[PDB]
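Going by the deposited numbering, the residue at position 140 of the sequence shown is 166; the numbering climbs one at a time, nothing skipped. Heads up, the beta-carbon is just placed ideally off N, CA and C, and yes, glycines get one too. Step one of this worksheet: look at the structure below.
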Amino acid sequence: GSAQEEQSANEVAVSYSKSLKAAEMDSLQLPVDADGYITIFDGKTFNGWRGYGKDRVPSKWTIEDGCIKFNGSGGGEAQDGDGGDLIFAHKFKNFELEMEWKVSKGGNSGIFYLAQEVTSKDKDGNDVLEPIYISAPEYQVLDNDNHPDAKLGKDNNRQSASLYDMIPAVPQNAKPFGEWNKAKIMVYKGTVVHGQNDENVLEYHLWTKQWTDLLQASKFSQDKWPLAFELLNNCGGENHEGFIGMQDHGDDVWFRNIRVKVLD
Ligand SMILES: [K+]
Ligand SMILES: [K+]
């Protein structure tokens, strides 16, 4: 029948949550292509998106020219002002995400996945929000030629599309600052693959001895950061699932064409 009815036919109900650790008790009708990718950013609104830990989108995240933009002040991990990491508030388990990203000269951001909203108790019994990165693996987003982090870590494991500070992207086929790069993150039954610019650049396996050993060699080791170790070692929590999101690392960055295929 109508264009409206055909559109409703080529759409799927996608649950989302509205605030810290809330149930996903509302749904968006989102477009799906023939390959099964759900477009999760519509080019115009933040529907389904919110700050990690928040009930709203921080004002440092804007929409511009069909992109999600983070507007940075230059303070790295500080997350000053009305910032913070952004999530699409729908937990995925087995999925393939594709999106494009572009950084400013010298810029740094990241794509998080399998994220959990985590709090801990302070000395007075009050809940405190823990960083997204103590639960969520990080796909690096970087100007590999100008941000000095590119030269740090080991074997270029802090360059774009790396599992940040843990496993390097090989080949390192990033395009330079100001150009669009294509990211792929696939999680399927614990196998994780990163892609960049239509090439697979690393592979790893969650919930294995090898994964534990990698974490024990990281800043999230059991000795250095017990809570992070516990969360990452059983990445995704009891149900092995979580949110996709993007990082406030204080620098201008743009994201577009954000789509996710649910794998079974
Ligand atoms: K929203
Ligand atoms: K980063």
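Taking the CB atoms as reference points, tell me whether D106 and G271 lie closer together than 9 Å. no
So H220 and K235 are supposed to be a Cβ contact under 8 Å. How far apart are they, rounded? That pair is no contact at about 21 Å.
Which residues in the same chain have their Cβ closer than 8 Å to the Cβ of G100, if we skip the five residues on either side of it in sequence? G276 and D277
Taking DSSP as the reference, what is the three-state secondary structure of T217? strand
Indicate whether the contact test is met: 3 or more Cβ pairs, each with one atom in the stretch 52 to 62 and one in the stretch 239 to 253, closer than 8 Å. no
On the CB-based measure, 16 or more other CB atoms within 10 Å of its CB, does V286 come out buried or exposed? buried
Chain-ordered list of residues that sit, by beta carbon, closer than 7 Å to a heavy atom of ligand 2: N134, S135, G136, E164, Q166, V167, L168, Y190, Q273 and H275
Quick check on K47: does DSSP put it in helix, strand or coil? coil
Between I113 and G262, what straight-line distance do the alpha-carbon atoms span, to the nearest angstrom? 15 Å
How should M51 be labelled, buried or exposed, when 16 other C-beta atoms within 10 angstroms of its C-beta is the threshold for buried? exposed
In this structure, how does DSSP classify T65 when only helix, strand and coil are distinguished? strand
Following a CB-centred definition, is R76 positioned closer than 8 Å to any heavy atom of ligand 1? yes
By Cβ distance, which residues of its chain are closer than 7 Å to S43, with the 5 residues on each side in sequence left out? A49, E50 and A115
Checking 9 Å against the spacing of the C-beta atoms, do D175 and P202 come in under that value? no
Under 8 Å from any heavy atom of ligand 1, does the C-beta of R184 make it? no
Taking C-beta to C-beta, are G102 and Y78 nearer than 9 Å? no
Cβ shell of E37 (< 8 Å), same chain only, five flanking positions each side left out: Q55, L56, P57 and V58
Taking 9 Å as the threshold (C-beta atoms), are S135 and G204 in contact? no
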